[PDB]
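See below for the structure under consideration.
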Amino acid sequence: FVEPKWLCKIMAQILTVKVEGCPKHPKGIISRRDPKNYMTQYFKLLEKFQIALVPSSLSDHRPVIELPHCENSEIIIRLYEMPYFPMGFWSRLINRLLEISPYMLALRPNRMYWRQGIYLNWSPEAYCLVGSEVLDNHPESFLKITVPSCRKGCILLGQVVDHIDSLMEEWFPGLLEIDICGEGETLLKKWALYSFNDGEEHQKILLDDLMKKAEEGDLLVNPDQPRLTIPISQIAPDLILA
Amino acid sequence: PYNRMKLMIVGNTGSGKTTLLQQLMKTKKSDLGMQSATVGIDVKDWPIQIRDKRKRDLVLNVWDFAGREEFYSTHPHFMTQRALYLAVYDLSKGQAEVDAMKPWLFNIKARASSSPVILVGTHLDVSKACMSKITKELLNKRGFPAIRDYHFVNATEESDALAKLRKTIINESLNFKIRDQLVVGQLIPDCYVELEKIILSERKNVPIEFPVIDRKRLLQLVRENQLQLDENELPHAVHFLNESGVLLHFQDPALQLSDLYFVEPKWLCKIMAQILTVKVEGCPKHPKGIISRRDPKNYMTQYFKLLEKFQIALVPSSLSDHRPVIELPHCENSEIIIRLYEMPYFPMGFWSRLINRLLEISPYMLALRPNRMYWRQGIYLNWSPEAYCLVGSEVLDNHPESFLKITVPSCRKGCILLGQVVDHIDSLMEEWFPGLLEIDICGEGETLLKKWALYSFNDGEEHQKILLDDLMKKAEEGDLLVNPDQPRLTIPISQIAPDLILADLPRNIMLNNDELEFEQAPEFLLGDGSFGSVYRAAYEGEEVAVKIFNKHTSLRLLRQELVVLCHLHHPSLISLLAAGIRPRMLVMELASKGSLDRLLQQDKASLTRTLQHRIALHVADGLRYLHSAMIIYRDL
Ligand SMILES: Nc1ncnc2c1ncn2[C@@H]1O[C@H](COP(=O)(O)OP(=O)(O)OP(=O)(O)O)[C@@H](O)[C@H]1O
Ligand SMILES: Nc1nc2c(ncn2[C@@H]2O[C@H](COP(=O)(O)OP(=O)(O)O)[C@@H](O)[C@H]2O)c(=O)[nH]1
């Protein structure tokens with residue numbers, strides 16, 4: 001591509017072409033509606049540039065999902081508290097998990113991805129909701145991922161946390177960068193959520209992954225009241241090769 | 001005589017509804033220098049003492065419905081059939097508002113077909129009056145209800161233009177005449193009119209914070225007076241006062257509030273709309289539409305012990321209009337079953353009712369709940385890529401109608417969902433909007449709701465799925481296959497509409513006509529009972545008793561009965577063996593020795609004090625199971 005100012009202009013002509021006709025489709029999806037073989041070359045580059053379905057300008061309003069089993073003990077959760085969603089994060093993320101239909105391996109799951117989530121589900125016993133909510137009294141931006149704690153779910157978590165990390169260090173490598181000056185804030189604190197009470201715990205206690213990974217000398221976690229304990233397999237089945 | 005009617009006022013976010021009514025009733029004060037938009041429906045009543053030869057002092061209560069599009073989810077509760085509906089243009093936006101008023105006229109037609117309508121152009125002060133053309137061209141006699149007049153009042157001051165409207169409301173009321181009855185002047189027992197006078201006289205003596213009355217307090221009001229009504233009269237009496245809008249009361253058994261008697265309707269109708277306006281300009285920690293119990297003495301508990309009872313609880317309205325892009329797993333034109341429901345306009349309380357009838361059905365494939373994602377006009381509850389159901393709503397191209405597309409995977413677990421959603425969506429259509437599915441023999445049988453079915457001979461890449469009306473296709477039950485004018489290739493009807501064919505019910509009860517040997521016409525095989533309807537036949541080489549159905553039971557009900565018979569399965573309950581069409585018959589076991597009444601009527605010597613017991617033991621064994629499945633026989 002000689003004359004960069006041209007390609008950089010073409011890739012943004014698609015993100016402005018609206019239609020004030022009939023919204024026969026939901027917001028964000030669009031079919032090939034337009035010269036000499038160039039139109040064919042066009043989205044032989046846009047699709048190559050991942051912008052094809054337009055993962056941006058896509059239904060910001062999220063739809064109310066009601067997960068089947070949500071009793072505080074069947075779900076695994078892992079936040080990704082970061083101060084701001086990086087610029088091209090979601091359109092990159094939801095286009096890395098999208099093209100992975102061969103989970104549980106080629107049975108594609110019927111998914112419903114808004115701007116900042118995917119929620120591709122095979123069955124009420126195996127799903128994965130890579131959402132994004134805002135907590136209370138918190139100006140950060142989180143990335144909640146809820147997965148059923150069964151066997152078919154321990155795979156999805158350990159397989160999404162990979163893609164979401166293979167993207168973080170490939171594209172935004174200064175997020176996960178130890179700033180030894182001051183203190184090691186690291187700018188991205190991948191929390192994990194656990195609760196001793198299986199249900200009605202009234203809260204899921206945060207637990208930094210860095211501190212919890214160092215708790216591999218044993219296999220169980222437990223509070224300052226050491227009567228009851230949780231196997232790490234349940235709360236973070238990716239650090240343990242489960 | 002009972003002189004009391006309902007005069008519903010109807011408009012849309014800006015009209016002479018609450019400012020035309022104040023002049024119709026001739027409210028001289030209207031002290032509020034500046035009033036606000038309506039919340040709820042504002043039930044009021046004004047008497048009309050017609051100072052004439054006829055001393056009939058009729059009093060009709062007005063219900064000036066709110067126009068804002070967020071209360072529409074609750075209006076179909078209060079659009080009854082004994083009423084004279086109004087309608088208001090706002091002619092200032094001439095020829096563009098009459099279009100925006102078709103939905104109201106349509107819901108009036110859906111709810112109360114046999115009621116009049118009086119279009120009332122509310123603006124003259126501000127300008128365009130050729131709108132009488134379109135109302136005569138498109139709005140007069142095309143599927144919409146019977147418009148009986150149309151006026152162009154000023155709606156802010158008394159005038160000759162308005163006075164002649166007040167006169168039409170009278171003459172149209174005194175000539176209501178549904179099925180030649182003249183409703184406004186019927187005769188009723190004075191025991192009701194006196195019951196009407198005490199409730200009104202009690203409306204002044206009730207806690208304003210909760211004007212509700214319990215039946216205990218009610219059964220004492222009749223004791224204070226000398227009312228001759230008994231416990232068998234009130235359930236009818238207090239209902240006839242309901243249709244007249246004196247008090248609200250709901251006899252539904254599921255909604256466990258039938259002890260609550262809502263006097264002062266204008267209050268309950270206002271409370272149910274306070275929830276639909278309370279917003280929060282704080283933090284959108286939740287998606288749009290969902291909300292938790294964030295708010296006095298135990299009333300808040302009673303509050304959504306009524307809202308949930310009123311289905312408004314998750315608020316199925318004001319919920320994420322924008323739909324999310326779903327990408328179904330198998331969508332290759334041959335694995336999906338589709339069935340449109342082309343209707344001219346979505347009725348008022350359709351979706352909030354529909355998505356709350358399928359929602360509460362988690363025991364599909366029966367208690368495994370599927371993780372669902374329901375926007376305003378869809379559900380898409382899915383168990384697995386092999387079993388899902390998307391009750392969507394899209395708008396086709398070059399079509400002003402409103403469709404209800406339902407796509408389901410064509411497998412076995414999917415043939416059930418279609419045959420189980422089409423039931424709920426029909427049990428709702430005839431229960432709530434019975435004038436939609438009403439054959440208008442005048443003109444032609446448009447039927448106002450054309451439930452298409454979609455089929456394609458090419459499994460994939462058909463480039464289109466050809467429409468096929470269900471009424472015409474149901475008549476193609478003489479055979480089992482459909483095929484085009486090029487009769488080489490053909491489609492089994494099981495694939496395109498597995499509900500007309502009894503393919504959704506358990507697979508063991510398919511008729512399999514190849515083995516059923518049965519002679520309907522003769523009577524010497526109709527031996528069961530005496531001059532009855534259930535015959536005798538053979539099925540799989542064994543003796544059975546088929547039950548031919550007459551013209552009464554429609555297929556939608558036969559399919560509704562088999563679903564409960566199919567899962568009893570007790571050695572002391574007549575069990576099904578098959579059920580099919582051609583004709584609509586039902587196969588069961590053949591009780592060789594006939595019913596019991598015929599035995600002890602002519603064979604009283606066969607009961608031998610140990611057969612008298614095994615009979616009573618097998619009947620008490622059936623009741624031991626029916627009462628276990630929470631179903632009472634009611635006739636033994
Ligand atoms: N499964 C069966 N096997 C043998 N006889 C039966 C069976 N079911 C019903 N009968 C006989 O059929 C007769 C009529 O059946 P049905 O259930 O229609 O009774 P009904 O409602 O009194 O009759 P109808 O509806 O025809 O007036 C009864 O007298 C009963 O003796
Ligand atoms: N000038 C004029 N104003 C009107 C007329 N009808 C209604 N309005 C105004 O519009 C408002 C009417 O309230 P309304 O729309 O009936 O409430 P809603 O219909 O219940 O939402 C009031 O502010 C009136 O002053 C009219 O005929 N002429």
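Ligands are numbered from 1 in the order shown, residues from 1 within each chain, and chains are lettered A, B, ... in the order they appear in the structure tokens.
If you take only C-alpha atoms and a cut-off of 6 Å, the residues of chain A that reach chain B are residues 26, 62, 64, 65, 66, 67, 68, 108, 109, 110, 111, 112, 122, 123 and 124 of chain A.
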Checklist entry - Hey, what does DSSP flag as alpha helix (DSSP H) within region 81-216 of chain A? Can you give it to me as a ChimeraX atom specification? => result /A:90-93,151-171,209-213
May I have the selected residues written with N, CA, C and O atoms, as a compact mmCIF listing (two decimals), in the first residue's frame?
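Written output follows (again09.txt):
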```txt
# COMPACT_ATOMS: atom_id res chain seq x y z
N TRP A 90 -12.74 -4.35 22.06
CA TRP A 90 -13.88 -5.23 21.89
C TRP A 90 -13.99 -5.74 20.46
O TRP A 90 -14.10 -6.95 20.23
N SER A 91 -13.95 -4.84 19.48
CA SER A 91 -14.00 -5.26 18.09
C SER A 91 -12.90 -6.26 17.76
O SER A 91 -13.04 -7.05 16.82
N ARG A 92 -11.81 -6.26 18.52
CA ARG A 92 -10.79 -7.28 18.39
C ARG A 92 -11.12 -8.53 19.19
O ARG A 92 -10.91 -9.65 18.70
N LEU A 93 -11.64 -8.37 20.41
CA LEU A 93 -11.92 -9.53 21.25
C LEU A 93 -13.07 -10.35 20.69
O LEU A 93 -12.93 -11.55 20.43
N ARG A 151 -17.37 -29.65 33.79
CA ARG A 151 -16.20 -30.00 32.99
C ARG A 151 -16.19 -29.24 31.67
O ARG A 151 -15.17 -28.66 31.29
N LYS A 152 -17.32 -29.20 30.98
CA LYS A 152 -17.39 -28.50 29.70
C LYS A 152 -17.22 -27.00 29.86
O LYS A 152 -17.09 -26.28 28.87
N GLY A 153 -17.21 -26.51 31.10
CA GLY A 153 -17.08 -25.09 31.33
C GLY A 153 -15.68 -24.73 31.75
O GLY A 153 -15.18 -23.65 31.42
N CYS A 154 -15.01 -25.63 32.47
CA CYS A 154 -13.61 -25.40 32.82
C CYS A 154 -12.75 -25.25 31.58
O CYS A 154 -11.69 -24.62 31.65
N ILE A 155 -13.17 -25.81 30.45
CA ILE A 155 -12.43 -25.65 29.20
C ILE A 155 -12.60 -24.24 28.66
O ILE A 155 -11.62 -23.57 28.30
N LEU A 156 -13.85 -23.77 28.58
CA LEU A 156 -14.12 -22.46 27.98
C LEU A 156 -13.37 -21.35 28.70
O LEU A 156 -12.81 -20.46 28.05
N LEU A 157 -13.36 -21.37 30.03
CA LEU A 157 -12.63 -20.35 30.77
C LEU A 157 -11.15 -20.40 30.44
O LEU A 157 -10.55 -19.39 30.07
N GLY A 158 -10.54 -21.57 30.56
CA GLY A 158 -9.14 -21.71 30.21
C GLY A 158 -8.83 -21.48 28.74
O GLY A 158 -7.65 -21.40 28.38
N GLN A 159 -9.85 -21.37 27.90
CA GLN A 159 -9.63 -21.15 26.48
C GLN A 159 -9.96 -19.72 26.07
O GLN A 159 -9.47 -19.25 25.03
N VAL A 160 -10.77 -19.02 26.86
CA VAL A 160 -11.03 -17.61 26.58
C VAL A 160 -9.97 -16.73 27.23
O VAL A 160 -9.48 -15.78 26.62
N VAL A 161 -9.61 -17.03 28.48
CA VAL A 161 -8.53 -16.33 29.15
C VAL A 161 -7.24 -16.38 28.36
O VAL A 161 -6.41 -15.47 28.47
N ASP A 162 -7.05 -17.41 27.53
CA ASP A 162 -5.90 -17.45 26.65
C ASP A 162 -6.03 -16.42 25.53
O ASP A 162 -5.15 -15.57 25.35
N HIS A 163 -7.13 -16.47 24.78
CA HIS A 163 -7.33 -15.54 23.67
C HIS A 163 -7.32 -14.10 24.16
O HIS A 163 -6.77 -13.22 23.49
N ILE A 164 -7.94 -13.84 25.31
CA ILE A 164 -7.98 -12.48 25.83
C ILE A 164 -6.63 -12.04 26.36
O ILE A 164 -6.42 -10.85 26.61
N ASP A 165 -5.70 -12.98 26.55
CA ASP A 165 -4.34 -12.62 26.94
C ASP A 165 -3.40 -12.63 25.75
O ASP A 165 -2.52 -11.76 25.65
N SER A 166 -3.55 -13.59 24.84
CA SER A 166 -2.82 -13.54 23.58
C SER A 166 -3.14 -12.28 22.79
O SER A 166 -2.37 -11.91 21.90
N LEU A 167 -4.26 -11.62 23.09
CA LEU A 167 -4.56 -10.34 22.47
C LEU A 167 -3.95 -9.18 23.25
O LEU A 167 -3.49 -8.20 22.65
N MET A 168 -3.94 -9.28 24.58
CA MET A 168 -3.50 -8.16 25.40
C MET A 168 -2.01 -7.91 25.22
O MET A 168 -1.58 -6.75 25.15
N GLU A 169 -1.21 -8.97 25.13
CA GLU A 169 0.23 -8.79 25.00
C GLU A 169 0.65 -8.61 23.55
O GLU A 169 1.76 -8.13 23.29
N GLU A 170 -0.20 -8.99 22.60
CA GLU A 170 0.14 -8.81 21.19
C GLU A 170 -0.15 -7.39 20.73
O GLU A 170 0.62 -6.82 19.95
N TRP A 171 -1.25 -6.80 21.20
CA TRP A 171 -1.70 -5.50 20.73
C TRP A 171 -1.36 -4.38 21.70
O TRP A 171 -0.79 -3.36 21.30
N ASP A 209 -5.13 -12.43 40.98
CA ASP A 209 -4.63 -13.68 40.42
C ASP A 209 -3.15 -13.82 40.72
O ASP A 209 -2.67 -14.93 40.91
N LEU A 210 -2.44 -12.71 40.76
CA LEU A 210 -1.01 -12.75 41.04
C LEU A 210 -0.74 -13.31 42.43
O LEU A 210 0.16 -14.13 42.62
N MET A 211 -1.54 -12.88 43.40
CA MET A 211 -1.35 -13.34 44.77
C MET A 211 -1.82 -14.78 44.90
O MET A 211 -1.22 -15.57 45.64
N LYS A 212 -2.89 -15.12 44.20
CA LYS A 212 -3.43 -16.47 44.30
C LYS A 212 -2.59 -17.48 43.53
O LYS A 212 -2.50 -18.64 43.95
N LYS A 213 -1.98 -17.07 42.42
CA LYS A 213 -1.08 -17.98 41.71
C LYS A 213 0.08 -18.39 42.60
O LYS A 213 0.53 -19.54 42.55
```
Checklist outcome for this item: With distances taken over only C-alpha atoms and all ligand atoms, the candidate from B:155, B:340, B:195, B:229 nearest ligand 2 is B:155
Checklist entry - Using only C-alpha atoms and all ligand atoms, which protein or nucleic acid residues are at most 9 Å from ligand 2, as number ranges by chain? => result B: 10-21, 34-39, 41-42, 64-68, 90-92, 121-126, 153-157
Checklist entry - residue 49 (chain B): which residues within 10 Å, counting only C-alpha atoms, same-chain residues fewer than 5 positions away excluded, as a PyMOL selection string? => result chain B and resi 54-59
Mind writing the picked residues with C-alpha atoms as a short mmCIF file (atom, residue, chain, number, x, y, z; two decimals), in the first residue's frame?
```cif
data_model
loop_
_atom_site.label_atom_id
_atom_site.label_comp_id
_atom_site.auth_asym_id
_atom_site.auth_seq_id
_atom_site.Cartn_x
_atom_site.Cartn_y
_atom_site.Cartn_z
CA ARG B 54 -87.60 11.09 29.41
CA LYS B 55 -86.53 11.12 33.07
CA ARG B 56 -83.71 8.64 32.40
CA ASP B 57 -80.73 10.12 34.26
CA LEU B 58 -78.00 7.98 32.75
CA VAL B 59 -74.52 8.25 34.24
#
```
Next on the checklist: Show me, as number ranges by chain, the residues that have an atom within 9 Å of region 3-16 of chain A when counting only C-alpha atoms, minus same-chain residues fewer than 3 positions from it.
Outcome noted: A: 42, 45-46, 49, 51, 54, 56-57
Residues just named, written with C-alpha atoms as a PDB file, in the first residue's frame:
```
ATOM      1  CA  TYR A  42     -12.668  -4.236  -0.951  1.00  0.00           C
ATOM      2  CA  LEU A  45      -9.394  -6.472   2.790  1.00  0.00           C
ATOM      3  CA  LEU A  46     -12.054  -5.366   5.285  1.00  0.00           C
ATOM      4  CA  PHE A  49      -8.888  -6.101   8.455  1.00  0.00           C
ATOM      5  CA  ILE A  51     -14.170  -5.209  10.106  1.00  0.00           C
ATOM      6  CA  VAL A  54     -19.519  -4.571  11.664  1.00  0.00           C
ATOM      7  CA  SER A  56     -18.439  -1.480  15.831  1.00  0.00           C
ATOM      8  CA  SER A  57     -21.599   0.627  15.950  1.00  0.00           C
TER       9      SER A  57
END
```
Checklist entry - Within 7 Å of ligand 1, counting only C-alpha atoms and all ligand atoms, which protein or nucleic acid residues do you find, written as a count of residues only? => result 16
Item to check | Test item, strand (DSSP E or B) assignment across region 44-133 of chain B, answer as a list in words | outcome: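 Selection result, strand (DSSP E or B) within region 44-133 of chain B: residues 44, 45, 46, 47, 48, 49, 57, 58, 59, 60, 61, 62, 63, 64, 85, 86, 87, 88, 117, 118, 119 and 120 of chain B.
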Next on the checklist: Applying 9 Å and only C-alpha atoms, which residues near residue 464 (chain B) remain after dropping the ones on its own chain fewer than 3 positions away? List them as a VMD selection string.
Outcome noted: chain B and resid 333 455 to 456 461
Checklist entry - If you count only C-alpha atoms, which residues fall within 7 Å of region 499-515 of chain B, apart from same-chain ones fewer than 6 positions away, as a ChimeraX atom specification? => result /B:415-416,419,474,539-540,563,577-580
Residue selection dump (N, CA, C and O atoms) as a tab-separated table (two decimals), in the first residue's frame:
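What follows is the written file result09.tsv:
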```tsv
chain	number	residue	atom	x	y	z
B	415	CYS	N	-39.65	-29.93	16.89
B	415	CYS	CA	-41.05	-30.09	16.54
B	415	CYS	C	-41.96	-29.91	17.74
B	415	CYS	O	-43.13	-29.56	17.58
B	416	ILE	N	-41.44	-30.14	18.95
B	416	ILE	CA	-42.22	-29.92	20.16
B	416	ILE	C	-42.39	-28.43	20.43
B	416	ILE	O	-43.50	-27.95	20.67
B	419	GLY	N	-44.96	-26.70	18.11
B	419	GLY	CA	-46.30	-27.09	18.51
B	419	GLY	C	-46.68	-26.66	19.91
B	419	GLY	O	-47.85	-26.78	20.27
B	474	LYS	N	-54.06	-26.55	5.80
B	474	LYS	CA	-54.74	-27.49	6.69
B	474	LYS	C	-55.76	-28.31	5.92
B	474	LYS	O	-55.94	-29.50	6.19
B	539	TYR	N	-56.33	-52.39	16.31
B	539	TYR	CA	-55.12	-51.60	16.13
B	539	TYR	C	-53.93	-52.46	16.55
B	539	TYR	O	-53.81	-52.81	17.73
B	540	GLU	N	-53.08	-52.80	15.59
B	540	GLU	CA	-51.96	-53.71	15.80
B	540	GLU	C	-52.46	-55.09	16.22
B	540	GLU	O	-51.96	-55.72	17.15
B	563	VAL	N	-52.21	-33.35	25.18
B	563	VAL	CA	-50.95	-33.07	25.86
B	563	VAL	C	-51.02	-33.48	27.33
B	563	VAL	O	-50.00	-33.84	27.92
B	577	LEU	N	-53.43	-44.99	22.93
B	577	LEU	CA	-52.58	-45.78	22.06
B	577	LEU	C	-52.19	-45.04	20.79
B	577	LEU	O	-51.08	-45.24	20.29
B	578	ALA	N	-53.07	-44.20	20.27
B	578	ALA	CA	-52.77	-43.41	19.08
B	578	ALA	C	-53.78	-42.28	19.00
B	578	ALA	O	-54.75	-42.22	19.76
B	579	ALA	N	-53.54	-41.37	18.06
B	579	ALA	CA	-54.42	-40.25	17.79
B	579	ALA	C	-53.98	-39.60	16.49
B	579	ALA	O	-52.79	-39.38	16.29
B	580	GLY	N	-54.94	-39.31	15.62
B	580	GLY	CA	-54.58	-38.79	14.32
B	580	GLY	C	-55.71	-38.02	13.68
B	580	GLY	O	-56.71	-37.70	14.31
```
Checklist entry - Hey, what's within 9 Å of residue 310 (chain B) if we count only C-alpha atoms and toss same-chain stuff fewer than 3 positions away? As a VMD selection string, please? => result chain B and resid 74 255 272 304 to 307 313
Preceding selection exported with N, CA, C and O atoms as a compact mmCIF listing (two decimals), in the first residue's frame:
```txt
# COMPACT_ATOMS: atom_id res chain seq x y z
N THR B 74 -50.63 -1.84 29.66
CA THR B 74 -51.67 -2.13 30.64
C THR B 74 -53.07 -1.78 30.17
O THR B 74 -54.04 -2.20 30.82
N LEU B 255 -54.08 -15.84 40.03
CA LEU B 255 -53.79 -14.58 40.71
C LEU B 255 -54.52 -14.58 42.04
O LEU B 255 -55.71 -14.27 42.12
N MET B 272 -50.72 1.18 38.99
CA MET B 272 -50.08 0.33 38.00
C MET B 272 -49.26 1.10 36.98
O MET B 272 -48.50 0.48 36.23
N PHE B 304 -45.97 -5.30 44.62
CA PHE B 304 -45.62 -6.25 43.57
C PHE B 304 -46.05 -7.67 43.91
O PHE B 304 -45.69 -8.60 43.19
N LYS B 305 -46.81 -7.85 44.98
CA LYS B 305 -47.71 -9.00 45.06
C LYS B 305 -48.95 -8.78 44.22
O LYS B 305 -49.82 -9.66 44.18
N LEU B 306 -49.05 -7.63 43.56
CA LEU B 306 -50.07 -7.32 42.57
C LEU B 306 -49.49 -7.05 41.20
O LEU B 306 -50.07 -7.46 40.19
N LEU B 307 -48.35 -6.35 41.13
CA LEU B 307 -47.68 -6.13 39.86
C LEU B 307 -47.26 -7.46 39.24
O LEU B 307 -47.54 -7.73 38.07
N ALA B 313 -44.06 -7.76 36.41
CA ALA B 313 -42.80 -8.13 37.03
C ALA B 313 -42.56 -9.64 36.92
O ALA B 313 -42.38 -10.17 35.83
```
Checklist entry - To one decimal place, how far is CA of residue 205 (chain B) from CA of residue 225 (chain B) in Å? => result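 Computing the Euclidean distance for CA of residue 205 (chain B) and CA of residue 225 (chain B) yields 15.7 Å.
Relative to CA of residue 315 (chain B), CA of residue 295 (chain B) is found at 14.9 Å.
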Checklist entry - A:97, A:182, A:31, A:72: which is nearest residue 201 (chain A), counting only C-alpha atoms? => result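 So, comparing all the options, the nearest one is A:72.
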Checklist entry - Separation of CA of residue 27 (chain B) and CA of residue 43 (chain B), in Å? => result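 Separating CA of residue 27 (chain B) from CA of residue 43 (chain B) is a distance of 15.2 Å.
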